[PDB]
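Okay, so here's just one chain, in structure tokens, the form solved without its partner chain.
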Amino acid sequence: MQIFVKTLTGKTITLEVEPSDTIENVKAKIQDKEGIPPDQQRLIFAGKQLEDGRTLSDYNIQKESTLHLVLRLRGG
């Protein structure tokens, strides 16, 4: 099933995913596509960061849901 990932500035990256697979599986597509490594990738649904080793069903992320892609540098 597909979701939507939005970058900082506001490019939308349409992205396909499997709901009982993990956030790591989401990140490996983003990492193929754009090329940000998964430590530097930070995916925000709403105002929670999604944990790595959990599924999309855990968070309750579904078809045609918007995730926001911002980065991880050093400070925060």
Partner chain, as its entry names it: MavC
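Numbering follows the first chain given and starts at 1.
Here the subject shifts to the form deposited with its partner chain bound, a form of this protein not shown in this document.
- Under a 4.5 angstroms non-hydrogen atom cutoff, its partner chain in the bound PDB entry lacks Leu50 among its neighbouring residues.
- Mapping the unseen interface onto this chain, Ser65 falls outside it, with no heavy atom inside 4.5 Å of its partner chain in the bound PDB entry.
- Although the partner is absent from this view, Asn25 contacts its partner chain in the bound PDB entry, with a non-hydrogen atom inside 4.5 angstroms.
- Contacts between stretch 56-72 and its partner chain, counted in the bound PDB entry as any heavy atom lying within 4.5 Å, involve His68, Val70, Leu71, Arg72, listed in sequence order.
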